[PDB]
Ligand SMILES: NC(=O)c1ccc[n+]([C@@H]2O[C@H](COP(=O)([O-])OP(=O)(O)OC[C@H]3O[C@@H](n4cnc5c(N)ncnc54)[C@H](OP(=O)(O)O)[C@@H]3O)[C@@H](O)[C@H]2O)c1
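Just one chain is shown here, as structure tokens, and it is the form deposited without this ligand.
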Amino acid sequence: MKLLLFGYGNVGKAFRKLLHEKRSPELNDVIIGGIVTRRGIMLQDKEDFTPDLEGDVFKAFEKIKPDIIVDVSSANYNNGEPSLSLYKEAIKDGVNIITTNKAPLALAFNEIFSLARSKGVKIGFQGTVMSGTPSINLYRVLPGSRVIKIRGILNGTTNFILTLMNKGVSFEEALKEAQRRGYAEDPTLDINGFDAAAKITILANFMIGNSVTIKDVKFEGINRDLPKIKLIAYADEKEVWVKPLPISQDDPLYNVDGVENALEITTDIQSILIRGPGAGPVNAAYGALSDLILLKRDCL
């Protein structure tokens, strides 16, 4: 089984490392046929990236003819490209996709998945939401029950800032500490709620079946005007949004502090919550590796 690895920043590097740690017998026959970055194409599996040829991901794809594309490349939220068109091409060729790149799915989930379903091609995307903590894949083991609503904390930086504030720290001092720890840079991009909006978009599509794109989400982030508040991401059959809200002591999200993420899935039978880390390159890479193993099991 031959992979094309698209992207070789921290996530791709972590992915290649996990793959070589021989973590499952299901991966014994898996090799990386090539790695492609903005610097070119390496037609070898090596720790260090050195391009053998110039060319983009489509050239790599045509040259290598992989069984699976693993997309760990940078999220382009302008238009999802080249990943969006690449996935459609791969699907039409019966090439499976494993991705940690949120953009194509936040922009065009139904387009991609409708096509995959029609061709019987599998898509792993666990690493797009809550990284290595089963979210997408948690729903895979909740068969036969309709999801009514989902609610979560889906961004660690804003959760960390709000955690400090509930403990009596001012917004200004809490933000500074997030910056000190490297969670926020202009911290504007890190605290605007967009990241959570991209994630809840994907969850909503997959779990509820609400064809939604990022433009449909009503989102906002955190700022000095906030007074225990959490940045809540929510989806149901009617709407998708992200907003700061007061959280009761009755709430299983109450204790979800620091950089931790959490997802509460409410079905006709029960409400369950999972919590874990939601970021980190090893974590995201592990979401992808998990999808790879499930794919080898024929369980996507």
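C-alpha atoms forming the largest set that superposes within 1.5 Å between two forms make up the rigid core. Residue numbers here begin at 1 and follow the sequence given.
Below, we refer to the form deposited with this ligand bound, which is not included among the displayed structures.
Novice: Counting only non-hydrogen atoms, choose the one of 204-212, 217-225, 106-114, 67-75 that falls within 4.5 Å of this ligand in the deposited bound form.
Specialist: Going by heavy atoms within 4.5 Å, the stretch is 67-75.
Novice: Within 4.5 Å, heavy atoms only: does residue 172 come near this ligand in the deposited bound form?
Specialist: Residue-level check for residue 172: no, no contact with this ligand.
Novice: So, in the deposited bound form, is residue 24 in contact with this ligand at a 4.5 angstroms heavy atom limit?
Specialist: No, residue 24 stays farther than 4.5 Å from this ligand in the deposited bound form.
Novice: Even though this ligand is not shown here, does residue 183 get within 4.5 Å of it in the deposited bound form, heavy atoms only?
Specialist: Yes, residue 183 sits close enough to this ligand in the deposited bound form that at least one of its heavy atoms falls within 4.5 Å.
Novice: According to a 4.5 angstroms non-hydrogen atom cut-off, is residue 127 in contact with this ligand in the deposited bound form?
Specialist: Yes - in the deposited bound form, heavy atoms of residue 127 and this ligand come within 4.5 Å of each other.
Novice: If we check this ligand in the deposited bound form, which of the residues in 1-24 reach within 4.5 angstroms of it by a non-hydrogen atom?
Specialist: 6, 7, 8, 9, 10, 11, 12 sit within 4.5 Å of the partner.
Novice: Give the option from 218, 146, 117, 167 whose C-alpha shifts by 2 Å or more between this form and the one not shown; the alignment is on the rigid core.
Specialist: So the residue whose C-alpha moves 2 Å or more is 167.
Novice: Taking the rigid core as the superposition reference, indicate whether the CA of residue 158 shifts 2 angstroms or more between this form and the one not shown.
Specialist: Yes: residue 158 shifts by at least 2 Å between this form and the one not shown.
Novice: Has the Cα of residue 79 moved 2 Å or more between this form and the one not shown, judged after a core fit?
Specialist: The answer is no, as the C-alpha of residue 79 shifts between this form and the one not shown by less than 2 Å after core alignment.
Novice: Once everything's superposed on the core, is residue 88 shifted 2 Å or more at the Cα between this form and the one not shown?
Specialist: No, the C-alpha position differs by under 2 Å between this form and the one not shown.
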